[PDB]
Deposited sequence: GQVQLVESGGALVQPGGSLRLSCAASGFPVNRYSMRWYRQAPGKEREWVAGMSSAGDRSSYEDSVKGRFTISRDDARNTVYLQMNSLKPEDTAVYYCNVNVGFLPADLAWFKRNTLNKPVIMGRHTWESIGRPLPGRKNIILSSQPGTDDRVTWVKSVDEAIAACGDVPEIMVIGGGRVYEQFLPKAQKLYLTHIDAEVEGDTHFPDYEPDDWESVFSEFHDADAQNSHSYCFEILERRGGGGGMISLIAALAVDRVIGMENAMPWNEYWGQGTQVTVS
């Protein structure tokens, strides 16, 4: 449905020039602000350049100012990154990005309901967040050794729970495969229901409503602060422990698309630029 694919990456000599393009599908580039990011080898993703919805404002990161220029062709539904005077430090995977909404209310809800609790998440969700959640014991499930010694890495559901210790509540924070496993064990669901019709590749497991009793619920219209209407909800299991799940669900239980939340943004595949 919605898809971005970059091209133009190449091996290029220092001082040379390159032009990246990002072909968009499923939406018009001139309706949203488009952004370029890049991730140098074994480094964290950084923002490179962006262009506003109307095409009037172009912003650049310090290290590329005067060398890169972003532009777009409304007809070809494509964004471009002209890169000149390439430096070896420009070496990275370059990623196209579209900003289709924001929902800070859900992130405030998430923070408020997880601070001072341990959080369990799968490896893909760790990658989607990209950073430890401060003020929380982070527990990541993965069959493979960890890659970040700031968080606790575990190899099984039972170890994840044991890693939490004796706490009154454990928060399972995603993603789809992890939710499936912890749903049968959960006493409580914190849900954000988002009024967004999006396809994704990750879903919240179907929970049966008669299994669950709503103890809190609160609908908020969309406005200039949250671009989709949303409804917070807290459910308790009829006939239950300390395990809670917290998740934000768009229509039909979609929770994710390529390690991002599709009510807010979509990412491209990335194109490799090597300056050497």
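Coordinate gaps, deposited numbering: According to the deposited record, C-alpha coordinates are absent for 1, 242-243, which together make up the missing parts.
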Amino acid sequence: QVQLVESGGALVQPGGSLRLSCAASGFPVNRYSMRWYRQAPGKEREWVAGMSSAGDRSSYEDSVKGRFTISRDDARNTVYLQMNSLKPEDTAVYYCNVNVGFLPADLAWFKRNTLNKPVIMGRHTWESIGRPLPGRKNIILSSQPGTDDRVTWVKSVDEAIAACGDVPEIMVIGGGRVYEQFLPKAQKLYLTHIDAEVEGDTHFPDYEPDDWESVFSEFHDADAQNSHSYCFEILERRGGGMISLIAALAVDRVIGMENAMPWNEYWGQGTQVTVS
From here on, numbers count along this sequence of modelled residues.
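Selected stretch [higher average CA B-factor]: 257-265 or 21-29: If you average the C-alpha B-factors of 257-265 and of 21-29, the larger mean comes out for 21-29.
Mean C-alpha B-factor comparison - 241-249 and 208-216, higher one: Stretch with the higher mean C-alpha B-factor: 208-216.
Top residue by Cα temperature factor, when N113, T202, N97, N84 are compared in the entry: Comparing C-alpha B-factors across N113, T202, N97, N84, the top value belongs to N84.
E46 by Cα B-factor - lowest, middle or highest third of the modelled chain: Middle third by C-alpha B-factor.
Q39 - which third its CA temperature factor falls in, relative to the rest of the chain: As the PDB entry reports it, the C-alpha B-factor of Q39 lands in the middle third of its chain.
Where the record places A222 (Cα B-factor, split into thirds across the chain): Its C-alpha B-factor belongs to the lowest third of this chain's values.
Third of chain Cα B-factors occupied by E159: Middle third by C-alpha B-factor.
Chain-wide C-alpha B factor ranking for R72, given as lowest, middle or highest third: Within its chain, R72 is a highest-third residue by C-alpha B-factor, going by the deposited values.
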